[PDB]
Amino acid sequence: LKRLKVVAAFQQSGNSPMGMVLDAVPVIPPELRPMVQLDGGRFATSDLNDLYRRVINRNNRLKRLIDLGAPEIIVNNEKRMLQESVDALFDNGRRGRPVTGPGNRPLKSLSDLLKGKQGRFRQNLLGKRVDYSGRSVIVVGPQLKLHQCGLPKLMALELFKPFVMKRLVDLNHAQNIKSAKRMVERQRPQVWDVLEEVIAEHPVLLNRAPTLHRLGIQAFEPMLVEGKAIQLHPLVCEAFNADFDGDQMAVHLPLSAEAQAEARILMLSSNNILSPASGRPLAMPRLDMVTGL
Amino acid sequence: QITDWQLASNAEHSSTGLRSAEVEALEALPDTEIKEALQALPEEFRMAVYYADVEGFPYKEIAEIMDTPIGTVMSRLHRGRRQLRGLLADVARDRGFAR
Amino acid sequence: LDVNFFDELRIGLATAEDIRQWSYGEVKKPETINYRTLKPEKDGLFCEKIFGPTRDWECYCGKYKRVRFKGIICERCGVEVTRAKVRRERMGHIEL
Amino acid sequence: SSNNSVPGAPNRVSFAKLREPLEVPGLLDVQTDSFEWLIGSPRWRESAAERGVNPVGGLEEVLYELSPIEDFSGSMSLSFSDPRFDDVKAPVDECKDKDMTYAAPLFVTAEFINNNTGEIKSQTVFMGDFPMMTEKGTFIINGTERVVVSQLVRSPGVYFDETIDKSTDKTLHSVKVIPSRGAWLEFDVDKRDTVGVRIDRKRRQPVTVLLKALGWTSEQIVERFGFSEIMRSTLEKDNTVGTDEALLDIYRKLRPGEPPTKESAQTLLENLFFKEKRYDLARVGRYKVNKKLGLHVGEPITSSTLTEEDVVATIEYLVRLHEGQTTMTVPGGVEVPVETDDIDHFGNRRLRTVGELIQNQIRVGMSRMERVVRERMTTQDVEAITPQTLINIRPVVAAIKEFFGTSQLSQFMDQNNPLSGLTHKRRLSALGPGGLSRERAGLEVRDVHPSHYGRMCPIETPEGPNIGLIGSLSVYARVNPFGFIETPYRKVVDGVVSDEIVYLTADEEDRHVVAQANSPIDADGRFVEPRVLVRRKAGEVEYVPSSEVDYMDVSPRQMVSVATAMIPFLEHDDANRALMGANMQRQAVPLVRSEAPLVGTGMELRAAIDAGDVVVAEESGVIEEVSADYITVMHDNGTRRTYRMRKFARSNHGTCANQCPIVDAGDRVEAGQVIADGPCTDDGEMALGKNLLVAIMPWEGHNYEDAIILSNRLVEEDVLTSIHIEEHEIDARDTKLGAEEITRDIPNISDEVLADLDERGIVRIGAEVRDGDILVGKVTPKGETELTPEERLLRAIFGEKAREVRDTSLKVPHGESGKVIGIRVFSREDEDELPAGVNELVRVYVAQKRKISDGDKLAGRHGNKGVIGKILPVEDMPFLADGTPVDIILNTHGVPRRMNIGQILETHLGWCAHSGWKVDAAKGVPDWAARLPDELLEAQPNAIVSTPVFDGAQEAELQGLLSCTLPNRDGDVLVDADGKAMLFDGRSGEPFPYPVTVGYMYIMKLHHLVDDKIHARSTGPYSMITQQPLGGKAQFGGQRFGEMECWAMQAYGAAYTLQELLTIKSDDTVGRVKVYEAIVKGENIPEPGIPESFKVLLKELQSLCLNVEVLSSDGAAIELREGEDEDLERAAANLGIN
Amino acid sequence: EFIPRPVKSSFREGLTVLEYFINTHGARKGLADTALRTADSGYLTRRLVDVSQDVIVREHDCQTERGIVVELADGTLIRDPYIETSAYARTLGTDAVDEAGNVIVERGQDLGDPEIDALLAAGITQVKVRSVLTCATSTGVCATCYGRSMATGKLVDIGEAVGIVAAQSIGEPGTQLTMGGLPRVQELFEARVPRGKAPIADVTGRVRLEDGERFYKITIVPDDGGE
Amino acid sequence: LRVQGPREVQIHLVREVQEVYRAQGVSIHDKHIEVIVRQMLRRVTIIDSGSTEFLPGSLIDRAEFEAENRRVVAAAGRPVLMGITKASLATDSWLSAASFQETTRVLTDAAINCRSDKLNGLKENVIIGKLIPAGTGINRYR
RNA sequence: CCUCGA
DNA sequence: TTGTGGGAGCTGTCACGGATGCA
DNA sequence: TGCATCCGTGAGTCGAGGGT
Ligand SMILES: [Mg+2]
Ligand SMILES: [Zn+2]
Ligand SMILES: [Zn+2]
């Protein structure tokens, strides 16, 4: 039954088993295996280039031996070496010693580019780095309402940069769009009055890691604040498992109508008051409030 | 995996660098100071300036366009360059072209 | 511009014929770029002839540097005058 | 009380009650002892010969192992002798300024002998530039200061353990013969009854194959192992029997795919373990096994390799371990106990310090050079060769350079403040080459082992992943020449505690019984009560009487490290917050003015001077001259010494290292007195924070969940202001399109944007700069095709005719600002060492004055951390009856739950020392004050005091002082005998209805400051492979919306927010641009395209010969490439065309 | 293991040196144990997310009458300890009527706190509730079988991705699991033959228990007289 | 499972897991643990393939098994309990399996079997950048 | 990767 | 392209499932 | 052909700066 799985798979699909043996090895585009100059006149290459380079050296030496009619033992040596170098290029370390670079490190092969939380799947497809986002230290700020957060001025200005730019040009503060950009970058005073305008009623998502459950990301209405710290309503602490002993948090600016609507409706701080695990409220008074009441 | 600090360091001495989406958005939008200076010029001056100065067509080939001899095209080119230098005088100072 | 409505994503095994139908040219040399001029050696791992031009609308020997010449293949150097974007999507191959 | 063993030291009156008979050693001796050994310095020379006269240094040892170097025919011989050092090439500040390595040239005496012609050719040969260690116990390596950390490794020896069970429930026993250098040798028992020798990871050959390989015939092997029936079954089940046939089997099993040969198996087998060239037990490894089995008890340590008698004794020990016999005697042996060995016990876990690590790399380089020497002896024509021709020093230089350049043990010096750098040099790291690796870091190597007592501090260790892997040396601990840690104890003879200090390692300690420093003693020196708690061997607690007590701790804090010993009332803090306190002390940032604590220990002073960031008088004299720039001391000798001050230097971590004189012209200074303060020192003592007036109470929820409330006084009076200096470096270099130019002539820039640069294009000294300001104008040659249509029109119109460039100038990064305090430029036109291709290299130094802000991080010494929630006006702060507002409000809810009640005790004592006290001595001396030193019955305001850990101010003594608190100027007692006070709400004016504890608490400024941590990004750079935003605030990166975050979005069911995050805010290279385009024009946000990382994925699969195709709904594969022509109808046409 | 000697001292009194040194053992053992346990819990959460991610609410009601019976309650009723996690928030399968019948809660109600109170007060000690186990929906689950959305308190909306919420709700407190605990949760979710397998009766009958020495011999004679 | 039937296994597992979380004072509602357990009991091992194309012993989705049986009459399947990791690596989405873990193996087998990913699931629409099929992304709402 | 932060 | 010539670390991890190899 | 051994899998999230 084990062997039949393979055989029947090869006959039920019209592809032949010949594909399991390569006469030709493809080469990934060079931008996907970059090479960059570094301070010091030295270069940094992806491991893929060293692997392809060993494949090339061994194939060329094999061609040289075959032309020179070398002894069969030496040509067999070169053939085994070419095979092993293609083994490295495809999946290094799977058979025998891994091909190493300086400092004895195994060259990450085309297989490694896909495995683990480092590989393309878990590092670049199931999660990414995103624009319109920032991060800073959180402080308490008990003056807030549940749906609100203190967003620093210097954060809001960068996060909304194109919005404030379009507004700075709407009103005559900037005569064109390049001046709008330079104005936001020089932090000319006119931006600030405009800032409070664009950020009005424009929700933001706040996230604290580790995101253990969906309440680890919650939308708030931003209140422009004095200082360089995010102000976090004292009742959402439980949901984030946030204390104020140095914790930091991340800010994400939803752009499209649909994203803003999902933020105001699905993820609004005050619309997520109950633990989605137990159904009971999480946003209750905690410790200080308790001793108060 | 070459690092971000490494991509960035390299970009510091490169001819293009790691360009932002915004940078490329603005390059695809009009340069308002430039667009209006060009629209000021007469149509034929603007065309003879556009082809030669932006699209780098050789003078006989830009004569092949517009269906006008080489002399007409070069008169239009030099005089439109002059006029557009009449305008754009603050833009050249705003940018580094006054040096 | 892909409208992003795909029905299916299928894998098979690549035939050497497929591997060759993908390839834009065989890499033959182990050299990457010259230390003097920092330019990609011909038939190497970064060859512009088979992979694409390092600089937009430019050819290796410099005969064609213009968007005017667009889509023409330089006869002296064999590099296509197109966008350098291609160097992220153009595979080579190796005949063993 | 006086602590006057340090001259000029402040008078910190101490609550201690026990006498410290031994002083804390030089806290850098762990590193200076090691590197002076390697060099063979006269300091080491005197001491090593002053102890019991075989004085070989580290380099000398490497040289005698290598020499003589004979040729294959035994003809010629090269020999090395006499390591000598030239002066240093450059001073430390010069190496720091020029990105060089502080080093001194190394010479040796190379004598070549030619036995054929009899001639002898001596010479003095230059081995290389030898990196040198500073007066502070560090290294300058390419212009950055560094520390080589001591590494915990398992000592060479023979170690037996009991692995509980294989698949079955059978108890197995193993042993590894681990040498200092060579091949490994192992023996074990199986689920079945065989005794095998695994060697160099090869298969399990029965140990009888090795017995007959050595020469032990079957009858001779049967005789010794007769009592062990496990060996008999191993020989009854053996394959063959015979000397040479067991030798050749060793060869076939050693070399896979190799024809065996008897004569070639005989040589390489004696070459594996018995030949001194390839295999060498350390002197320690020899000492460990000769004490383990009891073979050579007459100290003949001259020969240290694997010997047959030791091998047979280990086999017999291994096999007798199954019987479990407590005793054993080997032929010629002595009653050794049979037990398993503990790999974590500090008698089996040595550490390799800096000298030994460098020796092991030198040995490698030397061996490479030697294999080059032997090959030169033939290619070269004899009688014409010289010692200069045989020796090639490139491998040795490369070995040294590689070590300091790549070793996990050569570390970027942690210098936030003197304490960070001081402990860093006292660290004991577990990871590294020849150590254990992180995937092997079990939970048990990380536990506090009972042998650590007095050697490795049990409190100071990292909270995160490196927990139990990074520990710091204990106060009185010292490393012995074998690499073990000893700790001093007082010899107790017949119940009287003498002053004989005796240093014992963990081994020597388990043989005795150790009492405590806090133990009752009479006036004569005798034990008061018979039975009291001691440390029974293997780390247990018993109560034996004092007639059997051998040694006693020389002091409390003997177990504790430098940073730990600085926590007052440590013994009132649970180990978790105490650890948090040691670690945050090493993150305190220096403040503009430094201020020693009112409540301290005696450790601040003795740690500040040893840390080396203070200036200390080398010899007594008078101050001749004193500037803010230097200090001159005219010794009574007639000589002068001068000490230039570090003025506003940038530490490795960006804190201000600014020395400041504390002497005056004419002052009499003694040897070792402190002349000038350092970054976090005040009058010679470590000053990591400020004394702050604290109230312990909740305040309107602004100190909710550990947040801190500060008075605005600490902004206005700069009490938590700190200076931070950044170094901005850019270079000009050769490019595929030309060479770069540092120029003031930048494209697309107004003259006003360049107003603050000088004529070269570098920012002008003293300028005030902000985000986006040019610091060094630089241009990089771009091709013509990279001119934008506009940049190409103006260039043609005005005929610029200068080569087209890109503005690649160095700007001020987002969110920082300061004064340019220093410019440093290096040119290639001038003769200046630069990397290849680099023409001009300039650094701009920017300094910011950082006021304490919302979001900055503060903590006390007890692990009581918090960030600042609100800085209130001085009028809003709760204030005392005299109008004094408090400085800091710490929430009550945080204290009791965390077991760091030490902070409350400190607050009480802090108030006592601020107000001063006068104990009523009229009728006599009250009962609580009985044990108090006379110098503590009264104290003037703002007095300076010590609470030594485990010997501090007791609860009764502290509560007494709260009674005799001197009043303020109006005769008012503001803090009652409980430590609480009446405070007015400065917002309403109504008093707070209950007394609040107020007092003085030392609060440090930790180096986690908002200015460093705020970050935001709308749009920026992207990584070239994936096209996703770069990472890191430094690179203007984007936040990572990771896997668990996508689950969150999914769980909400926010489809569009999840798509938009994953396509147009990250990866859709065209949708990115279309989106910024849309927002700027006030339109709707467009529809997402395809993430570039999916394309990258498919390309990588094809690279694995996988034919991945995307299919249409019904049709064939979908074309994923795009068009070469796009938007020509609009973009070119939008500048006035049609 | 517990040291036979206790720390007699409180922290107000201040520990001695030996007491502090030996308190260190437990302190650091805890810190390292937590460093490990969090990774274990995280891997478990990732596997749970992946196994359940494709589970969504597809229809409002599959209309099935299958369900599970839940306990709610010597001479007096006593509340059941686990009402909060197995009975509350469920959807009633069958009407709850007491002796001297009275419709306390109708089929298909929220079983909220008022409903559970009224149930207990009227003497109902068991209820039949709809469950995800008994849901008849082809792929995923129906809303009526799932119950209320724990987040909203109203019945679950149709598009909800209840698998991710379930994996998150099970993972989030995993770090609280000490020593078995998390090993046993993994043993159950990975569907392995357990350590210390306690065999069950294969068929109904009478048992013969043969006493060896460290060996038990169980035999079962079927009631059907089978083998 | 083979004695008291699938409906009883699900009760058994929910209660044993819930018990482990109970001994540590942790409140997990049963519906979550049920949502998980349900996914373990969705397949059937095949004892004999009477007329079908199914291999003996291979695990087949119950809907797949039954709906393919019905259009072969015009088949010996016993319920199987699988763990979560194994239930996951055996999905109809090769992309989902490759992005989960053991990527080399999933990708090898998918290549040999010429598998075609329907791109049905949440994870798969995430990877290609399509609207997930939940919440506001299902068709009745979008 | 190292050291660190929650 | 000629007298002789064999590495540097490694291990101080662990539970689980199923092929692989041995006899 | 019947297992014992070996080998291949997996082992939390997000930050900062340093920079062979
Ligand atoms: Mg925290
Ligand atoms: Zn060309
Ligand atoms: Zn249902």
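As summarised from the PDB record, the model derives from X-ray crystallography at a stated resolution of 2.9030 Å.

Caption draft 1: Broad picture of the overall build of chain D. Scanning chain D from terminus to terminus reveals 27 helices and 60 strands. Seen through its C-alpha atoms, chain D measures out along the principal axes to roughly 105 × 100 × 80 Å.

Caption draft 2: Focus on the packing of helix α10 (residues 257–265) of chain A against helix α25 (residues 1055–1063) of chain D. The contact between α10 of chain A and α25 of chain D brings their axes to 8 Å, and the two run at 130°. The orientation of α10 of chain A relative to α25 of chain D falls into the category oblique. Every pair of crossing elements has a handedness; the one defined by α10 of chain A and α25 of chain D is left-handed. Every residue of α25 of chain D that contacts α10 of chain A at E258, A259 and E262 of chain A is listed here: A1055, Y1056, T1057 and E1060 of chain D. Each residue belonging to the contact of α10 of chain A with α25 of chain D can be placed in one class, and the counts come to three nonpolar, one polar and three charged.

Caption draft 3: Structural detail: the coordination of the magnesium ion (ligand 1). Protein coordination of the magnesium ion (ligand 1) is provided by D243 of chain A (OD), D245 of chain A (OD) and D247 of chain A (OD), with donor distances spanning 2.1 to 2.3 Å. Within one chain, the residues serving as donors to the magnesium ion (ligand 1) are arranged as D-x1-D-x1-D.

Caption draft 4: Structural view of the coordination of the zinc ion (ligand 2). Residue and element names in this part refer to chain C. Only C59 (SG), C61 (SG), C74 (SG) and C77 (SG) from the protein reach the zinc ion (ligand 2) as donors, at distances of 2.2 to 2.3 Å. One can describe the donor arrangement at the zinc ion (ligand 2) as tetrahedral, given that its four donor atoms subtend angles of 89 to 132° at the metal. Here the donor residues for the zinc ion (ligand 2) map to a single chain with the spacing C-x1-C-x12-C-x2-C. With relative accessibility at 2%, the residue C74 sits in the buried group. Judged by its relative accessible area of 10%, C77 is buried.

Caption draft 5: Geometry of the interface of chain A and chain D. Listed as interface residues are 91 residues of chain A and, on the opposing side, 90 residues of chain D. For the pair chain A and chain D, the two sides together bury roughly 8,000 Å², of which 61% comes from carbon and sulfur. Counting every contact that joins chain A to chain D gives five salt bridges. Between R1017 of chain D and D131 of chain A there is a salt bridge, with the nearest N and O atoms lying 2.6 Å from each other. Among the elements that make up the side of chain A that touches chain D, the one with the highest residue count is strand β7 (residues 133–139) of chain A (seven residues). Sheet analysis places β7 of chain A next to strand β58 (residues 1015–1017) of chain D, joined by three bridges and oriented antiparallel. Residue pairing in the sheet places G134 of chain A in a bridge with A1016 of chain D of β58 of chain D.

Caption draft 6: Looking closely at a positive patch on the surface. Side chains of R182, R186 and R188 of chain A together with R770 of chain D sit close together on the surface and give a patch of like positive charge. By relative accessible area, which is 45% here, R770 of chain D ends up partly exposed.

Caption draft 7: How the structure looks around the nonpolar core. Counting 126 residues, the largest nonpolar core has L110 and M267 of chain A, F1094 and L1101 of chain D, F189 of chain E together with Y21 and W94 of chain F as the members making the most contacts within it. Ignoring any residue separated from it by four or fewer positions in sequence, one finds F1094 of chain D in contact with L125 of chain A, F6 and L9 of chain C, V1110 of chain D together with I127 and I128 of chain F. Counting residues in hydrophobic clusters, the runner-up holds 59 residues, among them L195, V198, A242 and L253 of chain A.

Caption draft 8: Fine view of the protein's contact with RNA strand G. Residues in close proximity to RNA strand G total 15 residues, the closest being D247 of chain A together with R438, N466, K857 and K865 of chain D. Interatomic distance of 3.3 Å between a side-chain N/O atom of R208 of chain A and a sugar or linking oxygen of RNA strand G. Within the contact set of RNA strand G, a phosphate oxygen lies 2.6 Å away from a side-chain nitrogen or oxygen of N466 of chain D. Residues of the surface near RNA strand G, tallied by class, amount to two nonpolar, five polar and eight charged.

Caption draft 9: Highlighting the protein's contact with DNA strand H. Residues in close proximity to DNA strand H total 19 residues, the closest being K2 of chain A together with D344, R349, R368 and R440 of chain D. Protein-proximal atoms of DNA strand H, defined as those within 4 Å of the protein, fall in sugar or phosphate at a share of 43%. In this structure, a phosphate oxygen belonging to DNA strand H sits 2.3 Å away from a side-chain N or O atom of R368 of chain D. A distance of 2.8 Å separates a base oxygen of DNA strand H from a polar atom in the side chain of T378 of chain D. Counted by class, the surface near DNA strand H contains five nonpolar, two polar and 12 charged residues.

Caption draft 10: Representation of helix α2 (residues 21–28) of chain B within the structure. When α2 of chain B is considered as a whole, its buried residues turn out to be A21, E22, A25 and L26 of chain B. One side of α2 of chain B carries all its buried residues, which in axial view fall inside an arc of 130°. On the buried face of α2 of chain B, the contacting elements are α6 (161–170) and α7 (177–186) of chain A together with α26 (1069–1080) of chain D.

Rules and cut-offs
Residues numbered from 1 in each chain as written, not as in the entry; some residues may be left out. Chains lettered and ligands numbered in written order. Part of a larger assembly, values for the part shown. Heavy atoms only, no water. Residues with missing side-chain atoms left out of burial classes, pairs and counts. Helix = DSSP H or I, 4+ residues; strand = E, 2+ residues; numbered from the N terminus. Axes fitted to C-alpha atoms, helices over the stretch in contact; angles between N-to-C directions. Parallel < 35°, antiparallel > 145°, perpendicular 65-115°, else oblique. Left-handed = near helix turned anticlockwise from the far one by under 90°. Contact = heavy atoms within 4.5 Å. Nonpolar A, V, L, I, M, F, W, Y, C, P; charged D, E, K, R; others polar. Donors = N, O, S within 2.8 Å, 3.2 Å for Na, K, Ca; no water. Tetrahedral: all angles 85-135°; square planar, octahedral: opposite > 155°, others 65-115°. Buried < 20%, exposed > 50% of the residue type's maximum accessible area, 1.4 Å probe, protein only. Buried area = accessible area lost by both parts, 1.4 Å probe. Salt bridge = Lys/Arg side-chain N within 4 Å of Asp/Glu carboxyl O. Pairing = 2+ DSSP bridges. Patch = residues over 30% accessible without salt bridge, like charges linked within 9 Å, V, L, I, M, F, W, Y side chains within 5 Å. Areas by Shrake-Rupley, 256 points an atom, 1.4 Å probe, with all protein chains shown as cover. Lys, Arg positive; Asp, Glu negative; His and termini not counted. Charge placed at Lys NZ, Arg CZ, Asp CG, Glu CD. Core = buried A, V, L, I, M, F, W, Y, C linked by side-chain atoms within 4.5 Å. Near = heavy atom within 4 Å. Polar contact = N/O pair within 3.5 Å; in protein donor to acceptor, adjacent residues only side chain to side chain. Arc of directions from axis to C-beta.

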